[PDB]
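need a structure here:
(chains A, B, C, D, E, F, G and H, ligands or ions: 3)
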Amino acid sequence: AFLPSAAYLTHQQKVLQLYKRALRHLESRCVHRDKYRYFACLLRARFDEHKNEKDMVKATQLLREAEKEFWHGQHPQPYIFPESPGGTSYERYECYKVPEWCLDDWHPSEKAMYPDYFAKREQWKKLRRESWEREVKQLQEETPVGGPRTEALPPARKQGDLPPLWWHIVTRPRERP
Amino acid sequence: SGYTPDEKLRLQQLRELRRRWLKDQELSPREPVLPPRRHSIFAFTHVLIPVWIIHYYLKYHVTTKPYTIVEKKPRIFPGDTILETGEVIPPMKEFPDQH
Amino acid sequence: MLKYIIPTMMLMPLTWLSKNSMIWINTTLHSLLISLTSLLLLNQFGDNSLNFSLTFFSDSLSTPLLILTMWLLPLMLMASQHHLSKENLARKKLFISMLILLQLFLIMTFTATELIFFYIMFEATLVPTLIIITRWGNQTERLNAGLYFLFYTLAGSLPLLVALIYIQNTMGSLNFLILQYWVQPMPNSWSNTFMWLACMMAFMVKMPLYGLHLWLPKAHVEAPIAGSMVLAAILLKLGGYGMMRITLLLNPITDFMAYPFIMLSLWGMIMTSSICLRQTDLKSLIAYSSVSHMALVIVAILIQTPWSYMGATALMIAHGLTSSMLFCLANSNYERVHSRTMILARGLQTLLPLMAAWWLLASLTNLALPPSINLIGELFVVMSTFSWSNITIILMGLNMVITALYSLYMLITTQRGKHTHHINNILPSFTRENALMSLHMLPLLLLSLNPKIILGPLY
Amino acid sequence: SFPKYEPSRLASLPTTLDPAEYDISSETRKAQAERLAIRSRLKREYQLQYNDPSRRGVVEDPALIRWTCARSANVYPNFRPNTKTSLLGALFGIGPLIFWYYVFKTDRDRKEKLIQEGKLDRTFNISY
Amino acid sequence: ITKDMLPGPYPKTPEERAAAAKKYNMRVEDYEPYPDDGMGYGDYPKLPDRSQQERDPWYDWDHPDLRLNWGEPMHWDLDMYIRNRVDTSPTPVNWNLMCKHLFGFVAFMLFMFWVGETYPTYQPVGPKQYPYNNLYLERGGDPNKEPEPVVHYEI
Amino acid sequence: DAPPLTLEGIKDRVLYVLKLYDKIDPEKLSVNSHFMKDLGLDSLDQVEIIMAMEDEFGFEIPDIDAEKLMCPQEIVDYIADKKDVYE
Amino acid sequence: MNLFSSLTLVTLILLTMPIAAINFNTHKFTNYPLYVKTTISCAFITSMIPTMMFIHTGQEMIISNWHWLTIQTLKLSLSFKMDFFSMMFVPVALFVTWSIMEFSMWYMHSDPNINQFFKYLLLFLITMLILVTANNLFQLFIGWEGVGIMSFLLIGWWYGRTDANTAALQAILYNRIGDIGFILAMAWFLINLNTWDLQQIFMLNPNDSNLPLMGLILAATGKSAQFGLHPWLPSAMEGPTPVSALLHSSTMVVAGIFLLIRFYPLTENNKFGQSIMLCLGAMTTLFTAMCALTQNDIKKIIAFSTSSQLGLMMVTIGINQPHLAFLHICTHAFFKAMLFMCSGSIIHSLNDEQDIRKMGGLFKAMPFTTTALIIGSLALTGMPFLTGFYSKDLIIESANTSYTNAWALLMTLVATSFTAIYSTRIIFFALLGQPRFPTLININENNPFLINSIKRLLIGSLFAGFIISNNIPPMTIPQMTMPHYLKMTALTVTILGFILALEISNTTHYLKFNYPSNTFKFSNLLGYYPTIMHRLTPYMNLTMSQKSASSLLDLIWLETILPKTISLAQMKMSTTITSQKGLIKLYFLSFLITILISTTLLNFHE
Amino acid sequence: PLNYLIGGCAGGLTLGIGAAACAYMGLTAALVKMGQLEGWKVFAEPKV
Ligand SMILES: CCCCCCCCCCCCCCCCCC(=O)OC[C@H](COP(=O)([O-])OC[C@H](O)COP(=O)([O-])OC[C@H](COC(=O)CCCCCCCCCCCCCCCCC)OC(=O)CCCCCCCCCCCCCCCCC)OC(=O)CCCCCCCCCCCCCCCCC
Ligand SMILES: CCCCCCCCCCCCCCCCCC(=O)OC[C@H](COP(=O)([O-])OCC[N+](C)(C)C)OC(=O)CCCCCCCCCCCCCCCCC
Ligand SMILES: CCCCCCCCCCCCCCCCCC(=O)OC[C@H](COP(=O)(O)OCCN)OC(=O)CCCCCCCCCCCCCCCCC
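Numbers count the residues shown, from 1 in each chain, chains lettered A, B, ... in the order given. Ligands and ions are numbered 1, 2, ... in the order given. Please find the structure below.
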């Protein structure tokens, strides 16, 4: 439905996602580890019973009413991981995630507090500014006519060149700034 | 199925540059290069000087003004002695004792 | 009052005879000296108004507005000297001269003893504001902004001109001091009804009244910074000043003719605050907030109790300082992202912490946090309207809820959350911008220590 | 059997309960592929400007400018006076004004009648 | 920004709808404008009335906190549907059953408080007995007058 | 609080979890032991492996990235990218 | 007089001195949090002397030290009311705040903005002591709005998180709905009694005081998270744990209760207001303690605990026992701050794990935290002769033996059982059993900041109930004669709640998988009131604000009638007049009909 | 005044602008009856 690489979820992907959501909401219903492990192997056997169903329509039907069974038997407040979206510590440190370009606007009396760091930042920005036009001309020699098809980015194929559109992935802030 | 060869190559090269960046976010030993720059002083400066200031204030600018510090009059019992007069307040009537 | 009119006029040879790099420094310096001198108007008395000459007087209503007017000129000079840094020198001196001429018209609008001289100055203040909006404005629709500015402020003021001359022919004078002692009770008739409308609808446009307010979220939006500052700080307050002069003559017909305008303002302070909750444009949000706060001043003038006039003049001074600071904050971010969209650049406390503190102070004074004079004005108007009718406390408290909501939503949207990834020209806060914020907020914070000078003629 | 989920305006239908999610029909394949093509074109067009070292400013989004120009500037030129908007503007624009007029007028007539007949408790009221 | 990328009038021909859908960067069939009934929308698209909480949060969004892409058309209430405001996320329980349970519980509690106010609890005692004629001079009675004697006896 | 992770520590712990899973014998497991082709595991078993990694390191791996990790070296590299180790 | 008033004002000025220090900073601090903690420890020591010489005599006074403003009949002076309420609440608040800040020097140690955090926490303490020492309603409104705004700034401490800013805006919305009623009360007192000072309010003593008390109950409903305006308090757990611990347990959320305790001479003569407070408090302590039973986040459960205790405080105000309610404020401070601090020590020892279903096996792993959490739970439930006994047991013993709403007393007893149920729920899922947290153990609590911070509140939760309740002078006549079932009632229903929840706990280890009911979905989804009314009412105030206010009224309908049906009428009257074809016949024939109109019709020739 | 305020508005509904002349023709017709009440002269005789 909504994915970065492809446009859809396959049938096998929806089976695996229902399996994972069913185990997580089961663990939310079944707090203790051993009781969860008992009912989790029971649910795993319930999945593996119709593992070899060759009819795609019958497999889609069993997946659909399995989603119905799951929607009835879900936990109201499922355990969300804390840094996962919906958790308690999700996007908590984003107020400390200052982007990298703010170092360039420092006064020189506080750029002199870290001479080796900015003496290295200059050669990082040098590497970026001599990689930019080569990776742009890499992008326009590989993109098909009518635009790109998927959102998947191509790698660097040559030696000496860097992968295209790499600066805000390599120089992103840390999870604990 | 897992990744494609192109995705594995791009993630490996982004990973190598990302680890180079993270390793180059550390400090040198000389960094930060810093520029060239009374035992119970707390209980003196934060208490005993503000007690002086507030006591001078309340004593010669607040209580010299009418009805600023109004105090509830102290509780008089049978048996007390008024320090302004000396009249002993007489004790209560004898109790119809219960036990 | 001539000792302030003559230095304001000497600001013109001070700005036209300066060196080309010295025209901001000299005008800022000498306008700060005139604002230093403006505090000599505080010679007020409990019985008598400070009556200078036949032409000028200054009671305790006009005095804080005069100090605010003479203080606002250096702040406009500081606020406008960055976006005009690439302007022609002659046009730059013309901009400074329009600001000085507007100050000159304002400081003898507030001191006009006689009401047709008040009218002449009150309509003379349009034309520098006209030139500022429709010369140094920003986008395409600045010419429709001033056209609806000039049409609404003249179509309201035109029956006021006939009404004041009708008072001149009937009473004999338009001296406010004479009409304090020769005022007659205005009875119930249709002639006196349209008399009341002619005397009131001009200032209803200038406050603005809800329903007549549609010039303002274009005239404030398409203005430059000095124009928006003077519009939200003084030119809205000319209506409250004129109402407090003119409701002396309109008794007791006000006591039953004020009901539909009390309904319009009591419901428009709910409507425009709800509109502030859904503005994509930050300068429009500050504009509709200005309408929502002036609606209470309209209610407090139309119910004419002493607590209401004290709260209304406190609220006018407090809202002038607060809205001028909020427009200067919005310009400080517009000078970096070049868009007035509030959802565009977020998370700005992660990049500008001290400016985020100034945003926080301006937001807390926007939502009337005690003991600010914002809350003193807000609270006194609420007290007087509760005395007027006990049911109005629902509309007042509901307005205060929505006021705190849009104030802190503006704070959250502009200052908090995740910052924008694709915006990288966010400069550190200049010393000029923080000087502008501090010279707004520090007088507003100091007026909480001694609030009696901004509480009008009947403190 | 199981309680069927009832989708409302404030609680939409989950994707795991939608019947039209499991359509493998080729018009859905083409629709998702064309939406992916548009989204990939806009994604590449964004990050070409976003990863540029020569840019120091705002990557302008025409959808955002178009959103603000829709929310502000395109209201009167595409307004038509018809029955629905007229009954809504009289129902919601002059309605509460008339309602609060009758409420506050009745309250003040009642209070003035109680004062001018000497019944309202107004002993310590000297601040007004 | 230019004039043919701004919102315009309501499209009535299919080619005007095609130029509008190309302008708003979306497919023509998915392009649903608001119905032309004078509400001031023009050719603006009707995004399907969801919040931003329902969006896929692990996607590498152009606007992460908005969960929004660059060039993707925005809902008319995009500022309303942010995660700092109104959530239209699906709930485990239906909307009507939640309204039934909450209204029934509140109304039942209020009715039972009123009935318990009608049938209070008390203790098997008389009223408290106070000297000096129910404390007449202590409750602010005027000392020039004299009230009725409230005499309490032994029991 | 929160001791720092390394590639050696993540590798040791991922192989430690995969040596406590009965469908993998401990001598055939390596850093590059692909789960489907080499180790003879199922897709569902690989999903449980990802869930064991989530329970081990205390964060959710999304399904679009869970379904692409098909060897322990990719799992270690993905946790290394999501936690920024060797800083 | 010269000692009492001096140390009274020295406490507050000593609090304000580090605010001047942090505002006038030049250098990098030599542990400014240690400076603030030292300063508030000294403020506690300083405020103890006026408390001791209140215990000696009962010496109460008012410091009206600075005249601020006189609006014609209302001399507004800076007026500090030192009565029983100030003299008991100020040392308890300072002792708890001192413990919270020595906790915060441990918990917020990773923060590089720790100086702003301690600045904000001191600003909250200053605003709360402005509130509880206020003598007029303007100054109490200053302290009230101050604790509301510091609640905003401290909920939104991690301001890059969306839900923290959402909860901050929600807390502000509910506090301003309470402020509607508070300003209603101020308006009533100014118009009818010509004062904001409490002395003239208590001396005039009006009979028809229904409406100002309704305003004050609405203010307490906003501030103390009573029913109808409650859901900001569990949402307010998105801030840091010292924020929740100090503000939203013990110090901020008691201000509505403290406001109604401050007006006991006006509620003692109004049985209608007492019935409203009793019904509202019983509804709150039922609903919140019932919602606490199936929540999974530990801070949510302790937030429902403190809101249920505030509902119990509202109940015991409603039975004309204001001093028992204030004693229960002073009692509740110690153990509820300690329970939030123990939950924070567990969360920090489990790396921001705030869910009780990933806890357990922490009996020996965190022995000091286990100890203080069990002692806080027993003080919460009403263990005999801990701190919670001397307040809550007398509250139930006075709620039984009075002319009372019977359903309110019965719901109070059901809430009394529910406290024991969620207390052993916290102990069971948090400490008992076997581990459920992820495999990397980072369990460590051996820092003297954490140890001393929980230790001093532990000594408080053991002894301060006895100490305070035998230092306070008698202000009511306590009911000590009652039958045996009616005396043992709170303890009996508490132990029966323990037993029933032990059954609930032992029925978890079984190998049974029960499908969820409707009671579980009611108590687990917050009672559906933070679900519907946080979607339905923000739908209307956001869509009517455009489709009936912004786009409808401004940009269409007042834009149609005032500027544009006028402007269309002028530009068309040009095109109907200036459409002359330039022909000279057309001009002169227009002259001719004027001759035909002005002479014959208009009659101008005569 | 209210009598001609209705009849001028109904004149706008037979004018052809329907509710526009209702606020225009009836508002002009209202001024006629008020002028007949309080003696309003538009063509006023010179007196001073
Ligand atoms: C006549 C003589 C008078 C002498 C005394 C002065 C009287 C007051 C004047 C104003 C004082 C404050 C001015 C500076 C603060 C604003 C800028 C700022 O934040 O800078 C941070 C900066 C230090 O911070 P940083 O770490 O570097 O950077 C901050 C970060 O960016 C991150 O920023 P941040 O968010 O962490 O920091 C912002 C924070 C944000 O804080 C908050 O949001 C919390 C505040 C609200 C709740 C708490 C207060 C509630 C009200 C109760 C208290 C008042 C009444 C008390 C009385 C008893 C009860 C009635 O604000 C503060 O910390 C300021 C503390 C004081 C707040 C006062 C109230 C503001 C609230 C809004 C209005 C409320 C009503 C009006 C009250 C008026 C009181 C006079 O401060 C300075 O550098 C200060 C510079 C010097 C200031 C001089 C002030 C005097 C100017 C007047 C000149 C003429 C007269 C001569 C007097 C000379 C005195 C030396
Ligand atoms: C650390 C340095 C400290 C200061 C160093 C210098 C002084 C050294 C120590 C000696 C003390 C000085 C002598 C005593 C001080 C002067 C005494 C005096 O008469 O002062 C004149 C007066 C005393 O009051 P007053 O009654 O004489 O004046 C009223 C003003 N008139 C008469 C004109 C109407 O003023 C002061 O003392 C001012 C002190 C203010 C302290 C409180 C600040 C509050 C800030 C918030 C304001 C808003 C509040 C809103 C709410 C109000 C209530 C509802
Ligand atoms: C003593 C008597 C006591 C009587 C009590 C009973 C009567 C009153 C009943 C309550 C009425 C008010 C409550 C309803 C509105 C609640 C609004 C609110 O806080 O919404 C919360 C919502 C976020 O909630 P959520 O989605 O859970 O957040 C998850 C985090 N991402 O936040 C959002 O969606 C953000 C929305 C921002 C704008 C909201 C606008 C709503 C304004 C409401 C004003 C109400 C005024 C009432 C006036 C009463 C006067 C008498």
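
My reading is that residue G:62 lies in a strand. Confirm?
Yes: remark: residue G:62 belongs to a strand, assigned using DSSP: H, G, I helix; E, B strand; the rest coil.

any idea which helix is longest in chain H?
helix H:25-38 (DSSP state H).

packing partners for it?
helix C:190-206, helix H:2-13 (3 or more C-beta pairs under 8 Å, 6 or more residues apart in numbering or on different chains; DSSP states H and E). Heads up, the C-betas are built off the backbone N, CA and C, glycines and all.

Would you tell me which one of the ones you listed is buried the most?
With neighbours defined as mean count of other C-beta atoms under 10 Å in any protein chain shown, the helices and strands packed on helix H:25-38 peak in mean count at helix C:190-206, which reaches a mean of 21.

That one close to chain D?
No: with C-beta under 8 Å from any C-beta of the partner chain as the criterion, chain D is not reached by helix C:190-206; the gap is at least 15.0 Å.

can you give me the offset of that helix from its chain's centre?
21 Å (C-alpha atoms, centre = their mean, to the nearest Å).

Assign the most centrally placed residue in chain G to helix, strand or coil.
In chain G, the centroid-proximal residue (C-alpha atoms, centre = their mean) is residue G:253; its distance is 3.0 Å. State at residue G:253, reduced to three classes by three-state DSSP: coil.

what's around the nearest residue to it once chain neighbours are set aside, how many residues?
Excluding its sequence neighbours, the residue lying closest to residue G:253 (C-beta to C-beta, 6 or more residues apart in numbering or on different chains) is residue G:224, at 5.5 Å. Using other C-beta atoms under 10 Å in any protein chain shown, residue G:224 has 28 neighbouring residues.

you'd agree residue G:224 is up against residue G:310?
Yes: using C-beta atoms under 8 Å, residue G:224 is in contact with residue G:310, at 4.6 Å.

Tell me who's in contact with the nearest residue to residue B:71 once chain neighbours are set aside.
Nearest non-adjacent residue to residue B:71, counting by C-beta to C-beta, 6+ apart: residue G:61, 4.2 Å away. Residue G:61 makes contact with B:69-72, G:1, G:4-5, G:82, according to C-beta atoms under 8 Å, 6 or more residues apart in numbering or on different chains.

change it to 10 Å
Going by C-beta atoms under 10 Å, 6 or more residues apart in numbering or on different chains, residue G:61 touches B:69-72, G:1, G:4-5, G:8, G:50, G:54, G:80-83.

can you tell me which of these are in helices?
Those of the contacts of residue G:61 lying in helices (DSSP H): G:4-5, G:8, G:50, G:54.

In the stretch 451-600 of chain G, which residue sits closest to chain C?
residue G:545 (3.7 Å; C-beta to the nearest C-beta).

what's the burial count for the nearest residue to residue A:35 once chain neighbours are set aside?
In space, and not counting its chain neighbours, residue A:35 is closest to residue G:511: 5.8 Å by C-beta to C-beta, 6+ apart. Here the number of neighbours of residue G:511 (other C-beta under 10 Å) works out to 11.

Secondary structure class of residue G:511, three-state.
Secondary structure, three-state DSSP: residue G:511 is coil.

what sits against it?
A:30, A:32, A:34-35, A:38-39, A:42.

Disregarding residues adjacent in the polypeptide, which is nearest to the residue of the stretch 301-450 of chain G found nearest chain C?
Nearest to chain C in the stretch 301-450 of chain G, going by C-beta to the nearest C-beta, is residue G:352, at a distance of 19.1 Å. Counting by C-beta to C-beta, 6+ apart, residue G:352 lies nearest to residue A:89, which is 4.3 Å off, once chain neighbours are set aside.

close enough to count as contact, residue G:383 and residue G:390?
No: with contact defined as C-beta atoms under 10 Å, residue G:383 does not reach residue G:390; the gap is 11.1 Å.

Between the two, which is the more surrounded one?
residue G:390 (23 against 18).

Show me what from chain D comes close to chain A.
D:1-5, D:14-19, D:21-22, D:24, D:28-29, D:31-45, D:47-48, D:50-54, D:56 (C-beta under 10 Å from any C-beta of the partner chain).

residues contacting whatever residue of chain F ends up closest to ligand 1?
Across chain F, no residue is closer to ligand 1 than residue F:1, which sits at 25.5 Å (C-beta to the nearest ligand atom). Going by C-beta under 10 Å, 6+ apart, residue F:1 touches G:107, G:109-110, G:348-352, G:442, G:444.

could the residues you listed be laid out in CSV, adding distance to residue C:71 and neighbour count?
Formatted as CSV, the contacts of residue F:1 follow (distance: C-beta to C-beta, whole Å; neighbours: other C-beta atoms under 10 Å in any protein chain shown):
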residue, distance to residue C:71, neighbour count
G:107, 46, 23
G:109, 46, 13
G:110, 45, 11
G:348, 51, 22
G:349, 56, 20
G:350, 56, 25
G:351, 54, 17
G:352, 50, 15
G:442, 58, 13
G:444, 58, 13
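
which residues of the stretch 501-606 of chain G fall in strands?
In chain order, the stretch 501-606 of chain G shows no strands, with DSSP state E, counting those that start in this stretch as the criterion.

show me the contacts for the closest residue to residue G:561 other than its chain neighbours.
Counting by C-beta to C-beta, 6+ apart, residue H:23 is the residue found nearest to residue G:561 once chain neighbours are left out, at 7.6 Å. By C-beta under 10 Å, 6+ apart, the residues touching residue H:23 are G:561, G:565, H:5, H:8-9, H:12.

Then residue E:91?
A:76, D:5, D:8, D:10-12, D:14, E:97-98, G:521, G:525, G:528, G:531-532, G:535.

and what of residue C:443?
Residue C:443 touches C:67-68, C:71, C:75, C:317, C:321, counting by C-beta under 10 Å, 6+ apart.

same check, this time on residue A:70
Applying C-beta under 10 Å, 6+ apart, we find residue A:70 in contact with A:18-19, A:21-22, A:25-26, D:16-17.

Swap in 6 Å and give it another go.
Residues in contact with residue A:70 (C-beta atoms under 6 Å, 6 or more residues apart in numbering or on different chains) are residue A:22.

For chain G, what is the nearest residue in chain D?
Closest point on chain D to chain G, by C-beta to the nearest C-beta, is residue D:75, at 3.9 Å.

Apart from its chain neighbours, what residue comes closest to residue E:149?
residue E:133 (5.8 Å).

Am I right that the one you found falls within a helix?
Yes: residue state for residue E:133 (three-state DSSP) corresponds to a helix.

so what's it up against?
By C-beta under 6 Å, 6+ apart, residue E:133 lies in contact with E:147, E:149-150.

Need the phi and psi values for residue G:70.
With angles defined as degrees, to the nearest 10, residue G:70 sits at phi -130, psi 100.

Which residue is the nearest non-sequential neighbour of whichever residue of chain E sits closest to chain F?
As assessed by C-beta to the nearest C-beta, chain F sits closest to residue E:58 within chain E, at 3.7 Å. Distances taken as C-beta to C-beta, 6+ apart put residue F:62 closest to residue E:58, at 3.7 Å, once the chain neighbours are dropped.

Go ahead and confirm the one you found touches residue E:56.
No: counting by C-beta atoms under 6 Å, residue F:62 stays clear of residue E:56, with 8.7 Å between them.
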